[PDB]
Amino acid sequence: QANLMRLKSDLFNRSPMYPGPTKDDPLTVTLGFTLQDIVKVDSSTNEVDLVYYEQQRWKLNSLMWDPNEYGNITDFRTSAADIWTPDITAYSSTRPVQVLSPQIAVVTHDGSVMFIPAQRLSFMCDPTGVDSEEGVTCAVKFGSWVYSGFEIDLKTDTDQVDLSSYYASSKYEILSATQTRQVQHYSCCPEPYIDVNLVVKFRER
Amino acid sequence: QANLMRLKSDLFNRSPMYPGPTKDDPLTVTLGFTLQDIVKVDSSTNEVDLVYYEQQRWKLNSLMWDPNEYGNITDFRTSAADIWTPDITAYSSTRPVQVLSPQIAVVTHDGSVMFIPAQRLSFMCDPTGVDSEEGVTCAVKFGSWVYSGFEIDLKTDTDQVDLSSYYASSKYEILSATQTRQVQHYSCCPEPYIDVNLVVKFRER
Amino acid sequence: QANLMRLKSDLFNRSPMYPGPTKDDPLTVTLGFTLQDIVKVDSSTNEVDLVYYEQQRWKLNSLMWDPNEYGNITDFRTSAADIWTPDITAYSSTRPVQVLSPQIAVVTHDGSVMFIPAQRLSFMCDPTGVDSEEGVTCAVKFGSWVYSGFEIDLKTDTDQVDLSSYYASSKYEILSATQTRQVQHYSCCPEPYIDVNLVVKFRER
Amino acid sequence: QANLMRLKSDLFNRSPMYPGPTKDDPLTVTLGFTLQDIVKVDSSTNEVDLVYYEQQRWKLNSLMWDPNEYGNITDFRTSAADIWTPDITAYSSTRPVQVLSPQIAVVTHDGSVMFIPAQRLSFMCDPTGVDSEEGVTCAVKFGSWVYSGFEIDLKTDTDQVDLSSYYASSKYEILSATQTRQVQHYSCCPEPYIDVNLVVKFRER
Amino acid sequence: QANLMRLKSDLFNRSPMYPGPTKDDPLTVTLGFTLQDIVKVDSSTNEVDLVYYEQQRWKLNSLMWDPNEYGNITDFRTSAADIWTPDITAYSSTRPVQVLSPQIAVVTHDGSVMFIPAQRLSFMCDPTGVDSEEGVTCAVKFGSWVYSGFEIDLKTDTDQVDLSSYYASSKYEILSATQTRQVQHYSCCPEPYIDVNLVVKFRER
Ligand SMILES: O=C(O[C@H]1C[C@H]2CC[C@@H](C1)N2)c1ccccc1
Ligand SMILES: O=C(O[C@H]1C[C@H]2CC[C@@H](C1)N2)c1ccccc1
Ligand SMILES: O=C(O[C@H]1C[C@H]2CC[C@@H](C1)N2)c1ccccc1
Ligand SMILES: O=C(O[C@H]1C[C@H]2CC[C@@H](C1)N2)c1ccccc1
Ligand SMILES: O=C(O[C@H]1C[C@H]2CC[C@@H](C1)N2)c1ccccc1
Ligand SMILES: [Cl-]
Ligand SMILES: [Cl-]
Ligand SMILES: [Cl-]
Ligand SMILES: [Cl-]
Ligand SMILES: [Cl-]
Ligand SMILES: [Cl-]
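Put into structure tokens, the structure is as follows:
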């Protein structure tokens with residue numbers, strides 16, 4: 001019990017906190033989605049609501065430690081306030097994201113951080129033709145708001161979204177769901193900005 | 001009056017706070033539900049609202065004390081911010097939980113903590129056939145979001161939900177309410193996670 | 001001006017804060033209600049909204065002072081964060097209470113504290129027969145959530161609710177409003193709990 | 001640039017903050033109202049919503065300074081957190097006030113403070129006869145909740161509300177708007193309380 | 001990594017924070033708008049909702065640094081709390097602005113700051129004749145609430161609003177969108193106040 005207390009004190013209280021990634025010291029964030037439900041569809045304003053949980057995984061050299069020196073400790077859970085977290089944002093959002101999970105992450109001895117946030121997102125989607133047998137398709141882009149491609153890079157373990165936890169008695173059934181990596185070029189800035197496209201094809205009843 | 005002041009100072013201000021349970025030092029939480037009302041039912045989005053107060057108790061060796069040394073003090077009330085609390089979360093939730101009770105807990109000399117939070121939860125539930133004499137059945141699982149089975153375990157004193165405080169003039173009548181223990185395996189993670197399944201069978205009038 | 005500054009410094013900054021009442025050192029809280037309006041009535045969910053301001057006074061030996069020593073100061077206003085406040089809660093609520101007044105209280109040299117919070121409460125009430133000449137009757141109980149009868153007692157100066165500030169052009173007119181002290185017994189615990197039952201008889205127009 | 005930095009440091013960081021007005025050291029707050037819009041009218045609950053920006057100015061001897069000593073500085077803008085602010089509250093409110101302007105005030109060398117908060121208030125108002133050519137009249141009171149007349153007093157520069165900034169294409173047209181001072185006597189307390197009565201006469205179309 | 005840490009410590013922790021612009025030391029803030037969607041239109045209350053992200057850039061002599069002294073660092077990302085930000089406010093707003101982007105800005109060695117906040121604003125707009133081929137026109141002014149013309153001056157790089165990121169399948173199509181600089185004279189104050197008028201002409205389908 002005392003060994004875990006001194007590990008946290010040596011990592012956070014002793015050393016100064018991480019000031020984000022540089023173009024000289026970049027970072028790579030692994031992502032992945034778990035779709036749970038398509039709760040609401042509004043035809044009069046063209047905005048659809050989703051319930052899901054995202055995967056936020058990365059590695060830091062500052063968070064590395066030897067388990068033998070701290071009594072065979074391999075990993076530990078800590079508050080999200082104690083460590084740095086990436087600024088992944090949904091671009092086509094209409095209303096601010098509602099958090100449905102605690103703000104805790106888990107760190108491993110190799111310096112790898114794991115954070116899984118539960119969310120309710122309202123985004124821009126035209127649902128014309130949801131009643132037909134063919135269905136309707138909608139998409140949303142996720143990525144850093146401030147960091148470019150030279151500071152933060154995104155990767156996906158699989159291109160298929162996990163639907164094993166999707167709500168059986170939902171008002172809308174999923175036909176296809178994919179998570180694919182993209183490289184954007186905005187008119188504002190010459191620097192490219194990497195993102196992940198969440199594409200969902202759904203139909204009524 | 002001075003004896004209670006020095007007990008709190010010796011426990012919190014002197015000793016460092018608990019860093020959560022480890023696989024070497026696990027914890028067991030006792031969970032219990034008191035259903036008060038089924039306030040709203042939405043057919044167009046399949047989401048139902050419940051009013052209830054949950055029961056959560058655990059024991060810690062750090063919170064133990066001798067009553068004779070502190071002037072025969074057996075127990076005391078303290079703010080939830082002063083102590084560690086488990087991360088019990090509802091999985092099938094659609095919107096964030098609303099707290100309806102103060103953030104206070106009561107600690108005993110044996111190191112046992114008692115916390116009773118009042119909540120209003122909106123979760124995924126298809127209410128097709130609530131008007132019928134047979135009624136409709138719905139469920140929701142509660143458990144830790146970050147800690148696995150090796151770190152946190154759950155237990156229930158009884159499998160029957162307390163309906164002695166249920167609202168008499170409610171729009172819906174309860175037919176059966178049960179709180180049963182479960183051990184889950186998710187597609188994400190090899191570690192098994194323990195939860196409590198709340199199952200309610202209700203009907204109109 | 002300097003005399004009021006040193007009085008607050010001697011009471012709060014010098015002495016440690018009150019750790020709540022004990023079974024050896026109990027407290028008695030005086031409670032009052034001033035009904036202002038019955039703003040909303042929902043028939044589909046059986047929940048009613050009230051606008052009112054509650055009265056709460058209690059005395060503490062720690063907050064006592066001599067006026068002659070601090071330049072004839074009899075009383076002073078201070079933030080609710082600087083002092084201890086009772087955990088009075090409404091039991092039959094469906095949604096969290098909305099505060100409509102500042103978080104300030106007034107303390108007197110005898111150690112008596114005065115706190116008057118303005119609130120908007122939505123509680124459980126069946127409004128069937130509000131349109132009739134007879135009207136409809138509803139009740140809500142206010143009491144401590146954590147402290148038992150041996151720790152906190154409740155008393156009322158009068159059993160008649162103050163309706164002198166009730167809204168004249170309201171959609172609902174009051175026929176009778178009473179505040180009475182009652183002792184509850186919960187199956188959970190052997191300790192009895194005290195509350196104040198707010199009973200209101202109202203009619204449409 | 002350095003002169004403004006040392007002025008703020010000498011006033012706030014050096015001297016202790018103002019503990020509010022006393023019966024020995026009173027304060028007078030000048031109030032004003034600029035009506036912008038009557039956005040919503042609810043007939044089923046008798047509650048009307050207004051968009052406006054309130055004016056409040058007071059003087060403090062502690063905030064006085066010599067401009068020649070600090071490089072000809074006459075005034076400066078500062079956060080509302082850095083200084084004391086009066087507890088002006090709307091009495092007939094139904095839901096909490098929404099702030100629509102930044103929390104900044106401007107202080108002058110004579111110790112005079114200027115604060116202009118933009119608000120959206122929902123208050124008690126019966127709108128029966130708004131569709132009539134005569135229109136409907138409603139009123140709301142503003143004043144201190146805790147300090148009485150002997151501590152804080154209120155005054156108005158003019159009795160006519162500023163409608164020069166009122167929304168032209170609004171659903172409701174103003175017929176008359178006045179701001180008048182009052183002295184209210186409460187049964188609770190011996191000290192009388194001062195307020196300002198905002199009376200508005202409006203009609204539909 | 002250590003070079004970026006000592007740069008932030010030398011700029012913020014060592015030197016006192018900027019106390020805003022003076023009439024002796026004024027500031028010029030460049031403003032821009034990127035319209036994304038016209039999500040909702042309410043005819044019963046005359047209030048329209050927009051989704052967009054604002055551009056704001058200014059320069060400060062205090063935030064200047066030599067890149068060679070800190071290991072060739074040209075720029076860095078930092079929290080909006082660490083630096084001063086202008087008080088740009090929408091005047092015709094009906095409800096508080098919702099933030100849809102992280103609170104981070106990017107500072108360059110020349111002392112130039114870049115801040116891009118994503119927002120959802122509800123403002124006063126009469127939508128009578130949106131169904132017609134001609135459409136309907138609406139405007140909203142943006143500018144400082146406390147600082148005048150002598151302290152803060154606003155400028156625009158172009159008078160044409162960026163519609164390259166506007167939602168294709170929106171319920172309303174844009175006919176014209178312009179951002180123009182204005183100098184307003186209010187009845188309250190002899191001081192002139194500068195704003196940017198955002199004028200949008202839109203039609204249904
Ligand atoms: O930096 C900018 O926008 C940032 C980068 C990318 C593009 C949008 C979002 C936030 N991610 C910017 C700078 C000047 C003008 C417009 C946008
Ligand atoms: O750890 C994860 O999710 C946690 C554990 C369990 C499962 C959901 C909830 C939160 N409780 C995770 C790890 C990789 C991918 C997806 C989820
Ligand atoms: O202590 C408990 O509930 C408290 C005391 C009383 C009864 C409700 C409310 C909060 N006031 C409790 C403890 C275990 C199981 C059930 C209730
Ligand atoms: O102090 C009180 O109410 C305050 C003063 C005035 C009246 C209402 C509002 C708040 N302004 C009080 C004290 C005991 C009993 C009733 C009211
Ligand atoms: O200073 C004032 O209002 C400020 C300046 C401008 C005008 C509105 C908004 C906020 N910007 C004021 C001062 C006395 C009476 C009314 C308004
Ligand atoms: Cl949390
Ligand atoms: Cl609380
Ligand atoms: Cl407050
Ligand atoms: Cl602010
Ligand atoms: Cl943020
Ligand atoms: Cl208009």
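Protein chains in written order, with the entry's author numbering: chain E, 1 to 205; chain D, 1 to 205; chain C, 1 to 205; chain B, 1 to 205; chain A, 1 to 205.
Every residue, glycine too, gets a C-beta built ideally from N, C-alpha and C.
- Apart from sequence neighbours up to five positions away, the residues of its chain that approach residue 77 (chain C) with a beta-carbon distance below 7 Å are 104, 106, ordered along the chain.
- 104, 105, 106, 116, 118, 120: these are the residues of the segment 103 to 125 of chain C whose beta carbon lies less than 9 Å from some beta carbon of chain B, given in chain order.
- Around the beta-carbon of residue 125 (chain D), 16 or more other beta-carbon atoms lie within 10 Å, marking it buried.
- Here residue 140 (chain B) really is in contact with residue 123 (chain B); their C-beta atoms are around 5 Å apart, less than 8 Å.
- Taking the Cβ of residue 103 (chain A) as the reference point, at least one heavy atom of ligand 10 falls within a distance shorter than 7 Å.
- For the pair residue 172 (chain C) and residue 202 (chain C), the CB atoms are nearer than the 8 Å cut-off.
- Between the segment 181 to 192 of chain D and the segment 40 to 52 of chain D there are fewer than three C-beta pairs closer than 8 Å, too few to call the two in contact.
- Any Cβ of chain E closer than 8 Å to the Cβ of residue 47 (chain D) would place that residue at the interface, and such an atom is present.
- Two segments are said to touch when three or more pairs of C-beta atoms, one from each, lie closer than 8 Å; by this definition the segment 35 to 42 of chain B does not touch the segment 62 to 79 of chain B.
- Contact between the segment 1 to 19 of chain C and the segment 140 to 158 of chain C is absent, with fewer than three C-beta pairs closer than 8 Å.
- Under a criterion of Cβ atoms nearer than 7 Å, the residues of chain A adjacent to residue 167 (chain B) are, in order, 124.
- Distance from the CA of residue 56 (chain E) to the CA of residue 18 (chain A), rounded to the nearest whole angstrom, comes to 36 Å.
- Of all residues in the segment 29 to 40 of chain D, those with a C-beta nearer than 9 Å to a C-beta of chain C are 34, 36, 37, 39, 40, reading in chain order.
- CA-to-CA, the gap between residue 7 (chain B) and residue 121 (chain B) works out to about 37 Å.
- If you draw a straight line from the Cα of residue 33 (chain C) to the Cα of residue 91 (chain B), it comes to about 16 Å.
- DSSP places residue 163 (chain D) outside any alpha helix (DSSP H), giving it a letter other than H or E.
- When the alpha-carbon of residue 51 (chain A) is set against those of A:72, A:75, A:117, A:145, the nearest one is in A:117.
- At a cut-off of 8 Å between beta carbons, residue 156 (chain C) makes no contact with chain D.
- In the structure shown, the three-state DSSP call for residue 6 (chain A) is helix.
- Shown here for residue 133 (chain E): same chain residues with a beta carbon closer than 8 Å to its own, the five before and five after excluded, namely 203 in chain order.
- A direct Cα-Cα distance of roughly 41 Å separates residue 183 (chain D) from residue 151 (chain C).
- In this structure, residue 55 (chain A) has its beta carbon less than 7 Å from a heavy atom of ligand 1.
- Of the candidates E:119, E:175, E:74, E:74 places its Cα closest to the Cα of residue 24 (chain D).
- Looking at the DSSP output, residue 124 (chain A) sits in a beta bridge with A:47.
- Here the C-alpha atom of residue 88 (chain D) lies approximately 4 Å from the C-alpha atom of residue 144 (chain D).
- Put simply, the CB of residue 84 (chain A) is far from chain B, with every gap to its CB atoms at 8 Å or more.
- Below the 7 Å Cβ cutoff, chain E contributes 77 as neighbours of residue 20 (chain D), in chain order.
- Leaving aside the five residues that flank residue 197 (chain A) on each side, the residues in its chain whose CB is nearer than 7 Å to its CB run, in chain order, 139, 141, 180, 182.
- Taking the CA atoms as reference points, residue 155 (chain B) sits about 15 Å from residue 114 (chain B).
- Residue pairing by DSSP puts residue 115 (chain B) in a beta bridge opposite B:56.
- By the CB criterion at 8 Å, residue 35 (chain D) and residue 163 (chain D) fall inside the cutoff.
- Between ligand 2 and the CB of residue 145 (chain D), the shortest heavy atom gap is smaller than 7 Å.
- For residue 100 (chain A) against residue 93 (chain E), the beta-carbon gap comes to about 5 Å, under 8 Å, which counts as contact.
- Not flagged as an interface residue toward chain D: residue 58 (chain C), since no C-beta distance is shorter than 8 Å.
- For ligand 11, residues qualifying as neighbours are B:169, A:126, where qualification means a beta carbon closer than 5 Å to at least one of its heavy atoms (chain order).
- Residue 14 (chain E) sits in a helix when the DSSP states are folded into three classes.
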